[PDB]
Amino acid sequence: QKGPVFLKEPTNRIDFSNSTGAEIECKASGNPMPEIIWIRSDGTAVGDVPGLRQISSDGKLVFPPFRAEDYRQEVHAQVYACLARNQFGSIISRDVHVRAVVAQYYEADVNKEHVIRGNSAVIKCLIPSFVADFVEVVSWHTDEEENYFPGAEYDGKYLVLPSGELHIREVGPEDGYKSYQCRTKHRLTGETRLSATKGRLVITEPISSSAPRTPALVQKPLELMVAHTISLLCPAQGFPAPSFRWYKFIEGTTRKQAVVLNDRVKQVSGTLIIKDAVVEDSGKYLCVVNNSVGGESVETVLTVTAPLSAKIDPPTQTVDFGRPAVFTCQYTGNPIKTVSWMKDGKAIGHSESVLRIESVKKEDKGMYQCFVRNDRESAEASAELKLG
Amino acid sequence: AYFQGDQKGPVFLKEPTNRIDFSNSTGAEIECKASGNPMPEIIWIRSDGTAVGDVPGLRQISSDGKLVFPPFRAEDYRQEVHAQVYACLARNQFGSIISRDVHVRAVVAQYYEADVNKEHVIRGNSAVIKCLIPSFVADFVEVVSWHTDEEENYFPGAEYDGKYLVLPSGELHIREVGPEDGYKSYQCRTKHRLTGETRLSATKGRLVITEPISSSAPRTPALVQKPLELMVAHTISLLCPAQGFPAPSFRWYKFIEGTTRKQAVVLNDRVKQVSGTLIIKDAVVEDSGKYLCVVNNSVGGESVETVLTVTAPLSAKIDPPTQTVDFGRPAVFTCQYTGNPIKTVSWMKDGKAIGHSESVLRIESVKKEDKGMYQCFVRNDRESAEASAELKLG
Ligand SMILES: *[C@@H]1O[C@H](CO)[C@@H](O[C@@H]2O[C@H](CO)[C@@H](O)[C@H](O)[C@H]2NC(C)=O)[C@H](O)[C@H]1NC(C)=O
Ligand SMILES: *[C@@H]1O[C@H](CO)[C@@H](O[C@@H]2O[C@H](CO)[C@@H](O)[C@H](O)[C@H]2NC(C)=O)[C@H](O)[C@H]1NC(C)=O
Ligand SMILES: *[C@@H]1O[C@H](CO)[C@@H](O[C@@H]2O[C@H](CO)[C@@H](O)[C@H](O)[C@H]2NC(C)=O)[C@H](O)[C@H]1NC(C)=O
Ligand SMILES: *[C@@]1(*)O[C@H](CO)[C@@H](O[C@@H]2O[C@H](CO)[C@@H](O)[C@H](O)[C@H]2NC(C)=O)[C@H](O)[C@H]1NC(C)=O
């Protein structure tokens with residue numbers, strides 16, 4: 001006899017268009033071979049909604065394409081999980097957050113950017129918050145028919161930044177005779193679109209000096225996957241045109257250290273570009289900006305995320321009554337907000353990485369699971385307790 | 001050739017203020033006035049320590065503590081005169097004292113324009129139309145009113161038709177946006193505090209309403225409000241921008257200082273909530289803290305932390321005024337400061353820094369050279385305050 005074990009866990013987030021639908025597969029092994037059950041993560045096994053959700057063979061949670069008119073929050077905006085069960089015990093998979101999106105019109109805008117002659121400028125493509133999870137910038141274009149793409153800086157002046165903005169170096173009066181528009185792509189429909197307004201730089205020739213001034217609204221804490229490229233903006237306008245330096249606070253201290261620039265880590269004006277993120281790049285960054293009148297600064301936190309995995313030591317044990325049983329969950333990833341245990345699909349209230357039963361009983365036989373979580377993600381491991 | 005009484009060190013009777021901001025057409029008078037026996041000399045220094053020269057037409061030191069910045073032509077701006085922190089230095093035979101810093105900022109009258117763009121919102125949600133003012137005039141310009149193409153006019157104060165509110169921060173708040181709400185275009189009126197000029201936005205904004213089919217948990221934006229410094233006694237509005245379908249609800253908490261624990265904000269007379277916006281009237285220092293907006297809906301939710309500091313004017317005071325001490329007996333000065341934040345304390349003796357940052361100063365054993373004036377300086381980011389005291393030999 002062997003308890004269930006997942007062979008294929010459903011992914012964590014599945015987002016899809018109503019025209020595309022969604023197959024989600026859950027595969028499990030055991031001896032006897034286990035039954036698969038889908039549940040809402042309110043605990044309840046899920047029904048079939050003809051046309052909308054059909055549990056199939058032998059995973060297998062299918063969402064067929066549907067009409068706007070048949071959208072249903074209860075089915076289509078939902079967190080699910082997979083439950084594999086046999087005589088020996090049950091295991092739950094991680095959560096599967098299901099988001100079906102009815103394909104709808106939107107439009108990105110580019111507005112006027114005001115800047116002091118000689119400063120760098122950042123033109124932003126405005127995307128409404130309710131498509132921003134799905135829409136991203138593919139390219140920039142001007143009325144003079146030039147086209148800018150992510151990659152390298154053009155003519156020492158134009159760079160399309162990782163976060164999709166257009167960065168322009170050393171803005172002069174001649175730069176006001178240009179109008180900019182972005183191209184956006186929606187990842188669920190694959191549709192692309194030119195922005196519905198276009199923006200211009202309005203340049204001031206200043207007479208007075210002015211210390212550097214940064215905006216009221218600042219980038220909130222970023223979460224970036226390992227091996228990805230990151231750009232941190234340091235918006236500032238000053239006269240004379242300022243200098244910019246970046247730091248990282250030593251983690252949990254009030255001290256900071258200059259960022260070192262190389263191959264991998266580059267600074268374009270005041271923008272820090274970090275290629276190939278490793279978890280160690282996480283931290284609290286400070287941009288200090290300066291000219292002969294004075295200085296200002298803004299902070300920006302970054303977490304470099306790494307995918308969770310867990311494994312319990314040992315994968316199985318046979319323990320006498322009422323001797324102790326000990327399970328140790330080992331995991332990998334960044335960040336780890338919590339560790340949680342289950343027994344035959346239910347919670348046990350125990351959030352330390354090591355589980356100890358002091359003296360085993362009849363009812364302790366079954367499957368145990370460690371779940372590790374951070375706010376975008378989860379990983380489970382399972383283990384088997386038998387009675388001597 | 002002459003004075004009576006014991007010599008008394010100098011002491012400021014009129015301290016110059018901290019920031020004077022002024023247009024090129026107005027100019028600036030800054031007055032420093034001090035006391036002592038005998039009767040002290042007044043010298044203006046730049047805040048690298050050097051005593052300042054006259055620049056005819058620009059900077060003239062006058063009778064009888066007065067630094068004067070006459071009205072001047074654009075062509076005549078000199079950053080060295082016009083963008084500068086000064087101090088007042090007052091001296092007599094007995095000793096010397098330096099005033100708190102005096103940040104001087106002359107600003108040449110220049111054209112700017114505000115803008116108001118398209119705002120995209122889910123029907124049924126609230127919306128916040130913003131007046132985009134250019135960073136480099138934003139210290140001097142702010143919103144005075146909102147106006148519509150159907151000729152309606154909204155002022156700071158009270159809600160209109162329970163629907164439109166001009167937030168104390170200048171944004172126009174609108175409740176429960178409906179499709180009919182897309183046939184309105186909005187402009188801001190802004191006022192420049194140094195020229196007193198008023199203008200309307202160069203561009204007008206509109207609402208673009210999405211009639212959504214799929215549900216969406218609440219979504220907050222990438223860029224969020226950085227830490228805010230509000231003067232005591234002022235009104236404050238904190239925003240929680242979020243769009244969601246259904247229409248989400250909003251709740252405000254405040255963290256217990258230096259813990260991970262929050263408490264619900266208690267809404268009443270003086271603290272109110274419009275949709276997701278928190279309004280704090282008549283701010284006290286105690287209102288300072290880390291605040292958290294939770295936002296919700298049957299699909300899931302989100303949140304935005306914002307830090308508020310309510311600031312209070314800094315003032316310092318030494319105990320005593322003056323003491324006489326025999327040689328090899330210790331002397332003791334204690335600074336009593338009020339205000340919010342204090343970031344730092346420091347000390348000087350006869351205009352020079354002594355490198356000592358604790359509220360109470362102690363000379364272990366008084367020598368000949370220790371006679372004279374001693375000063376505490378208490379500063380934050382935006383402000384400074386000084387105190388003085390007189391040490392005599394017995
Ligand atoms: C999913 O929803 C979309 C949007 O409601 C449907 O697409 C519409 O299809 C009609 C023709 O069938 C077009 O004329 C419209 O242009 C589409 N609307 C928009 C705004 O995109 C789509 O067919 C639905 N998918 C299904 C039923 O499989
Ligand atoms: C560049 O600008 C910054 C102003 O933000 C200066 O850094 C500050 O320096 C003062 C002391 O002179 C400190 O008390 C502040 O805390 C500093 N801010 C921080 C934490 O960066 C800096 O002095 C300027 N560069 C120079 C040396 O001219
Ligand atoms: C301060 O500078 C402003 C701008 O240069 C001056 O105002 C201008 O005055 C000229 C004539 O003197 C006019 O043609 C402009 O239309 C004005 N423009 C602005 C921007 O107001 C002002 O006179 C200066 N202060 C002085 C000379 O005392
Ligand atoms: C609409 O969204 C918000 C997002 O927070 C949800 O509120 C969460 O409330 C539960 C209460 O037990 C907490 O576990 C969460 O921690 C809250 N927020 C977070 C991320 O910490 C809520 O799920 C949504 N709908 C409602 C009202 O239930």
Side-chain angles (χ1 to χ4, degrees), chain A residues 108-127 135-185 192-206 210 212-215 219 228-246 259-277 287 289-291 300, chain B residues 115 134-136 222:
Chain A
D109 295 310
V110 177
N111 301 312
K112 296 166 60 195
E113 196 60 24
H114 303 257
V115 305
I116 296 192
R117 189 193 177 147
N119 286 249
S120 324
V122 162
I123 323 289
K124 224 280 189 286
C125 186
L126 310 175
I127 304 155
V135 178
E136 106 197 330
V137 167
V138 158
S139 62
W140 287 91
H141 306 96
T142 67
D143 291 329
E144 303 184 307
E145 299 163 302
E146 296 130 325
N147 310 96
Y148 307 117
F149 287 88
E153 192 172 43
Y154 291 85
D155 302 313
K157 195 157 166 69
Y158 308 94
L159 177 60
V160 189
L161 305 186
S163 42
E165 297 96 355
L166 188 61
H167 180 286
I168 315 149
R169 284 199 139 121
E170 228 203 304
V171 168
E174 62 292 347
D175 297 331
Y177 292 96
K178 305 267 186 74
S179 192
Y180 303 88
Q181 80 172 133
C182 47
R183 208 191 186 208
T184 53
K185 187 172 189 127
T192 69
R193 260 191 59 97
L194 296 164
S195 71
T197 58
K198 313 215 238 203
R200 56 197 191 78
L201 292 179
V202 197
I203 296 89
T204 302
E205 331 296 274
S210 53
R213 183 187 220 285
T214 54
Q219 176 49 56
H228 281 212
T229 293
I230 318 215
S231 56
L232 301 180
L233 273 74
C234 185
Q237 288 293 121
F239 190 55
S243 69
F244 304 73
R245 315 164 311 188
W246 288 90
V259 173
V260 72
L261 286 187
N262 51 58
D263 34 77
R264 198 174 66 101
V265 187
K266 281 188 186 111
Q267 170 168 335
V268 184
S269 177
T271 308
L272 190 72
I273 313 193
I274 306 136
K275 271 153 63 185
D276 289 288
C287 185
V289 39
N290 248 301
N291 66 10
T300 302
Chain B
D115 291 302
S135 70
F136 38 91

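All heavy atoms count here, side chains included; hydrogens, waters and symmetry mates do not. So you know, we letter chains A, B, ... as the sequences are listed, proteins then strands, and number each from 1.
A heavy-atom distance below 4.5 Å is found between the side chains of A:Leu201 and A:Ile123. Looking only at side-chain heavy atoms (C-beta outward), A:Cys287 and A:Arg245 stay at 4.5 Å or farther from each other. Within the 4.5 Å cutoff, no side-chain heavy atoms of A:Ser195 are placed close to those of A:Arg183. A heavy-atom distance below 4.5 Å is found between the side chains of A:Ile203 and A:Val171. At a threshold of 4.5 Å between non-hydrogen side-chain atoms, the residues A:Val110 and A:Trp140 count as touching.
Remark: B:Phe136 engages A:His114, A:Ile116, A:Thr204, A:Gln237, B:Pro134 in a side chain to side chain contact (heavy atoms under 4.5 Å, CB included) (not counting sequence neighbours). By the side chain to side chain contact (heavy atoms under 4.5 Å, CB included) test, A:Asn111 pairs with A:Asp109, A:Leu126, A:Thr197, B:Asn117, sequence neighbours left out. For A:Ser139, the side-chain hydrogen bond (donor to acceptor under 3.5 Å, both in side chains) criterion is met by A:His141, not counting sequence neighbours. Considering only residues two or more places apart in sequence or on other chains, A:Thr229 meets the side-chain hydrogen bond (donor to acceptor under 3.5 Å, both in side chains) condition with none of them. With sequence neighbours excluded, the residues forming a salt bridge (charged side-chain N to carboxylate O under 4.0 Å, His left out) with A:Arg264 are A:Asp281, listed by chain and number. For the side chain to side chain contact (heavy atoms under 4.5 Å, CB included) test, residues two or more places apart in sequence or in another chain that qualify with A:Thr271 are A:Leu161, A:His167, A:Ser231, A:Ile273. The side chain to side chain contact (heavy atoms under 4.5 Å, CB included) test applied to A:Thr214 returns A:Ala236, A:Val289, A:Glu296, A:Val298, B:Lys226, not counting sequence neighbours. Every residue was checked against the ring pair (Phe, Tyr, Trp, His ring centres under 6.0 Å) condition with A:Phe149, not counting sequence neighbours, and none meets it. Scored by the side-chain hydrogen bond (donor to acceptor under 3.5 Å, both in side chains) test, A:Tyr148 finds no partners at all (sequence neighbours excluded). Partners of A:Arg213 by side-chain hydrogen bond (donor to acceptor under 3.5 Å, both in side chains), not counting sequence neighbours, listed by chain and number: B:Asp139.
Between atom NZ of residue A:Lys275 and atom NE2 of residue A:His228 there is a gap of 15.0 Å, rounded to the nearest 0.5 Å. The line from OG of A:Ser269 to CG of A:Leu159 is 10.5 Å long, rounded to the nearest 0.5 Å. Atom SG of A:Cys182 and atom CG of A:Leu194 lie 8.5 Å apart (nearest 0.5 Å). Between the CD1 atom in A:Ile230 and the OG1 atom in A:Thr300 there is a gap of 11.5 Å [rounded to 0.5 Å].
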Under the criterion side chain to side chain contact (heavy atoms under 4.5 Å, CB included), I'd like the reasoning laid out for A:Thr142 against A:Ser179: C-alpha separation, chi angles, the key distance, then a yes or no. CA-CA 6 Å; A:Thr142 67; A:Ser179 192; over 6 Å; no

Between A:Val260 and A:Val265, does a side chain to side chain contact (heavy atoms under 4.5 Å, CB included) hold up when you go through it step by step? CA-CA 7 Å; A:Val260 72; A:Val265 187; over 6 Å; no

Apply the test side chain to side chain contact (heavy atoms under 4.5 Å, CB included) to residues A:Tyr180 and A:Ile168: give CA-CA distance (whole Å), side-chain angles for both, the deciding distance (0.1 Å), then the verdict. CA-CA 12 Å; A:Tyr180 303 88; A:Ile168 315 149; 4.2 Å; yes

If you apply the rule side chain to side chain contact (heavy atoms under 4.5 Å, CB included), what do you find for A:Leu166 with A:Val122, and how did you get there? CA-CA 6 Å; A:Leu166 188 61; A:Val122 162; over 6 Å; no

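When all heavy atoms of A:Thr184 and A:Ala108 are compared, the closest pair comes out as CG2-CB, 4.0 Å. Closest non-hydrogen pair, A:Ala241 versus A:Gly118, comes out as CB-O, 3.3 Å. When every heavy atom of A:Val115 is checked against every heavy atom of A:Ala121, the shortest pair comes out as CG1-CB, 3.9 Å.
Between the A:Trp246 side chain and the A:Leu232 main chain, no donor and acceptor come within less than 3.5 Å of each other.
Screening residues 157-173 of chain A for salt bridge (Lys or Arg N to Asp or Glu O under 4.0 Å) gives A:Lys124-A:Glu165, A:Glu153-A:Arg169, A:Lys157-A:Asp175 as the qualifying pairs, with residues at least two apart or on separate chains. Screening residues 140-152 of chain A for salt bridge (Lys or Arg N to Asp or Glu O under 4.0 Å) gives A:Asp143-A:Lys198, A:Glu144-A:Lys178 as the qualifying pairs, with residues at least two apart or on separate chains.
In the displayed structure, A:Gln267 atom CD is contacted under 6.0 Å by more than 12 heavy atoms of other residues, nucleotides or ligands.
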